[PDB]
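Whatever order the structure lists ligands and atoms in, that order sets their numbers, starting from 1. The chain is numbered in sequence order, starting from 1. The basis for the numbers below is simple: all heavy atoms, side chains too, and nothing from hydrogens, waters or symmetry mates.
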Amino acid sequence: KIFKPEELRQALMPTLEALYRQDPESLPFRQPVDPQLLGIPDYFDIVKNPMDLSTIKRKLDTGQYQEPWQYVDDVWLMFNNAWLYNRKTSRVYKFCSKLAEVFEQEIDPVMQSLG
Ligand SMILES: CO[C@H]1CC[C@@H](n2c([C@@H]3CCCC(=O)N3c3cc(C(F)(F)F)cc(C(F)(F)F)c3)nc3cc(-c4c(C)noc4C)ccc32)CC1
């Protein structure tokens, strides 16, 4: 099954917008983690494939997903990086869990319609 870029934009970008709309939880995910700004030089020792909302949005805008599961996988890469690097008590970690709950609800009917 071949998916057109605008078909993927129209279907998937609302699920990404739902994540952006989460306040306070989306704020640290709207731009790439910057270990220099944050003073965490070990970040890229632990996270080998960084991901964030702005990168996912650019990939969707530029047709880099051929197939909707590739988009789902990048969203979960974002989540898994945050749960891997951050402490269980940290805001980023708890905010990530909220973003995953929101994403689960938004993506479910969308994937069904893309099938
Ligand atoms: C240019 O915009 C800015 C640049 C950077 C800022 N940034 C902060 C700042 C640093 C100062 C202390 C503080 O408290 N920060 C802070 C913490 C939060 C928290 F989410 F923890 F509540 C929210 C905010 C904000 F966005 F409201 F401003 C700032 N720490 C971050 C952690 C991550 C992260 C992830 C994901 N994975 O691993 C990590 C690590 C990513 C971004 C972060 C967010 C926005």
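If you check which protein heavy atom lies closest to atom 4 (C) of ligand 1, you get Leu37 CD2, 3.8 Å. Distance from atom 29 (C) of ligand 1 to its nearest protein heavy atom, with residue and atom name: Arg91 NH1, 4.9 Å. In terms of protein heavy-atom proximity, atom 6 (C) of ligand 1 is closest to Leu38 CD2, 4.6 Å. The protein non-hydrogen atom at the shortest distance from atom 25 (C) of ligand 1 is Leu27 CB, 4.1 Å. Protein heavy atom closest to atom 36 (C) of ligand 1, with residue, atom name and distance, is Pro28 O, 3.4 Å. Protein heavy atom closest to atom 38 (O) of ligand 1, with residue, atom name and distance, is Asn86 ND2, 3.0 Å.
The same ILVMFWY cluster, assembled from side-chain heavy atoms under 4.5 Å apart, contains both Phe79 and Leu12.
Of all atoms in ligand 1, numbered sequentially from 1 with element shown, those under 4.0 Å from a heavy atom of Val33 are 34 (C), 35 (C), 36 (C), 37 (N). Residue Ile40 approaches ligand 1 through these ligand atoms, each under 4.0 Å from one of its heavy atoms: 40 (C).
Checked by atom type and distance alone, the side chain of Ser26 never pairs as donor or acceptor with a backbone atom of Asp23 at under 3.5 Å. Looking only at distances, no side-chain donor or acceptor of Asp42 sits under 3.5 Å from a matching main-chain atom of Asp45. The backbone N or O of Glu101 lies less than 3.5 Å from no partner atom in the side chain of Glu104, so there is not a single donor-acceptor pair.
Seen from the ring of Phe44, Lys48 does not count as a face-on cation partner, given the 6.0 Å and 45° thresholds.
Between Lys59 and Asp74 there is a salt bridge, since a side-chain N of the basic residue sits under 4.0 Å from a carboxylate O of the acidic one.
Within 4.0 Å of atom 13 (C) of ligand 1, at least one protein heavy atom is present. Per-atom contact check: atom 41 (C) of ligand 1 touches the protein, criterion being a heavy-atom distance below 4.0 Å.
Distances from atom 1 (C) of ligand 1 to the heavy atoms of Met51, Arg30, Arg87, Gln31 put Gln31 nearest.
Neither the backbone nor the side chain of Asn81 has a heavy atom within less than 4.0 Å of ligand 1.
The number of heavy atoms from other shown groups lying within 6.0 Å of CH2 (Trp83) is above 12.
The side-chain heavy atoms of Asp61 and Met13, taken from C-beta on, include a pair separated by under 4.5 Å.
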